[PDB]
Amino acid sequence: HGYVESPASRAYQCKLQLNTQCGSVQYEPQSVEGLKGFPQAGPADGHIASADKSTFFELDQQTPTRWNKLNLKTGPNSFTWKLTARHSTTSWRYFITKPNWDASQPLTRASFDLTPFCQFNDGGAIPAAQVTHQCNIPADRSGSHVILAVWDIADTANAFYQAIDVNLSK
């Protein structure tokens, strides 16, 4: 269990009350857990941000103004997870929406570039309670986008899904 605390994920911003009417996830942003195997398997289209758990379906809403967006620059960024339970880990992956994705429609695999812009494969090692990855957000993205951070667990069928709402500039 864990969440991306910086830049604050959509679920974490629900706990901080930067996002409103998120439902149960406000009280458990670390628990956005579904099956691993994304994108070949994993949470169904339209239900990625919720990890396809019905109680988190508020996170599957998508309008241009629904979610509070962090104003980030492209290029070097840092993504920091807070882990409330440090599970044997397969990988951490970071995906970003395609340049011409539609912020008014549900998030699907077609919304995202399915090649993650960076990936860290831990080989089952136990991570620390705070994990930070440094990657370059692609420069060809501008304006409103969603970054999907995915944590694949090595010794279960599960993964944690952390959508992050961003507004990108040079």
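We number the residues from 1 along the sequence you see.
Checked against the record, the higher mean CA B factor of 98-106 and 31-39 lies with 98-106. Look at the mean CA B-factor for 51-59 and for 127-135 in the entry; the higher one is 51-59. Among all modelled residues in this chain, the alpha-carbon of residue 119 has a temperature factor (C-alpha) in the lowest third. Split the chain's modelled residues into thirds by C-alpha temperature factor. Residue 78 is in the middle one. Compared with the other modelled residues of the chain, the Cα B-factor recorded for residue 158 ranks in the lowest third. For residue 150, the recorded CA B-factor ranks within the lowest third of the chain. Only modelled residues enter the ranking. In the PDB entry, residue 19 places in the middle third of its chain by CA B-factor.
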